[PDB]
């Protein structure tokens, strides 16, 4: 097909358990000495055996991150514009069958929240909507982007997947970043997590980052939703997808997120448990695989864990977040999921200073 779905097809018969069974401690030590890592060297760093070398991995991953990013940490925050959605994502608080107050911000409410967020010093903003081309079509997001570009120098979207021409229209309006999570790369698990709605189309969402990069998107952020499937395999396909995009679009800045499932309206329990050490090994392994790729850490993680991971390869953190439409002015507003780190921008910035890190607000200052 000429997309990343061809790579997924080539790994449909890959025996991950047989590969891990062949991994030894000498394989891990060799890879820690290498300059460049193949996709399977990355898979070897995700292995149970590699847990014996997490200290050595963190030592090297910290050095690689300082080399390409300096002692900086880019800050951003999400802005939910609307929560209308036709999809039935079992893990999400905005799924169609959930009962909540559906709301879409007027243009004046968007500008007011933009002023509230800009008053904290943030220059990077990420906007989100549900999948509802009737209540939040591309034209609506285009009008919001035009207001937001008065306050923020970098606007990223995390919305429903678009055609290449739709992305090109939003890039022309001032969008410079794309965040889209494949959620789960296993097609069988994906079908169970998405029983109804256009999001059930596995290929259309898998190929969204490419259509965006072809339209000229500057940066793309991807990731599997940790908790939905075998985490090592999902982490591997996130790195493989990141590597595929970076080799295909050498001028695009490719980043990943390792978001873990959180409590949410609906109450769906995650299929597998992902521990804090799993999350650390994932981040460390990916930093060694792609040393120049950004690694975003959201407020799904608690403050103490995010403070530990400042020195572990994370390059972008959210602060002062809110997952509800208008929840910054309404404490009873229902969010997409429950956040963990409730710290403001200022509290996160003051913590970073205390660790010897420079909080930055524009992405070109990370060096």
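Positions refer to the first chain, counted from 1.
Higher mean CA temperature factor between 329-337 and 42-50: 329-337, per the PDB entry.
As the entry records it, the average C-alpha temperature factor is higher for 139-147, out of 239-247 and 139-147. In the PDB entry, the Cα temperature factor peaks, among 180, 213, 283, 75, at 213. Per the PDB entry, 266 shows the highest C-alpha temperature factor of the residues 266, 209, 294, 223.
The entry lists a Cα temperature factor for residue 134 that places it in the highest third of the chain's modelled residues. Sorting the modelled residues of the chain by their CA temperature factor places residue 313 in the lowest third. Compared with the other modelled residues of the chain, the Cα B-factor recorded for residue 253 ranks in the lowest third. Among the modelled residues of its chain, residue 124 has a C-alpha B-factor that falls in the middle third, as given in the PDB entry.
Ranked within its chain, residue 299 lands in the middle third, by CA B factor from the PDB record.
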